[PDB]
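Accompanying notes for the structure given below.
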Amino acid sequence: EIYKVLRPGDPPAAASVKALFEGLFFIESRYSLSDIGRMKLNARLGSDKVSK
DNA sequence: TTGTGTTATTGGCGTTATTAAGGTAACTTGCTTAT
């Protein structure tokens, strides 16, 4: 369903969207917070139990 | 004023440098481009 939103009128596949999503937020060379987003989120939530 | 000397051009010629056309047979198979 997400893959429809991102690419409308694009017939989905089996082993394609599995790359799309996990590359949308979960690729170290595609998305980052660079020591600041991490700290400003941790302190905002307290959860040191996530690696800063 | 009429003779003998240029000339300026102007279609023909060739010459060739430049442009266009075509052909290889080891196997090769679906981005998305990012306030």
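All Cβ positions, even for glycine, are placed from backbone atoms using ideal geometry, and neighbour counts span all protein chains on display. Values quoted throughout were computed directly from the atomic coordinates according to the rules given, and no laboratory measurement underlies them.
Sorting the segments A:16-23, A:33-40 by their residues' average number of neighbouring beta-carbon atoms within 10 angstrom, most packed first, yields A:16-23, A:33-40. In a Debye calculation with equal point scatterers on the alpha-carbon sites of chain A and no solvent, what is log10 I(q)/I(0) at q = 0.24 Å⁻¹? So the normalised log intensities are -0.87.
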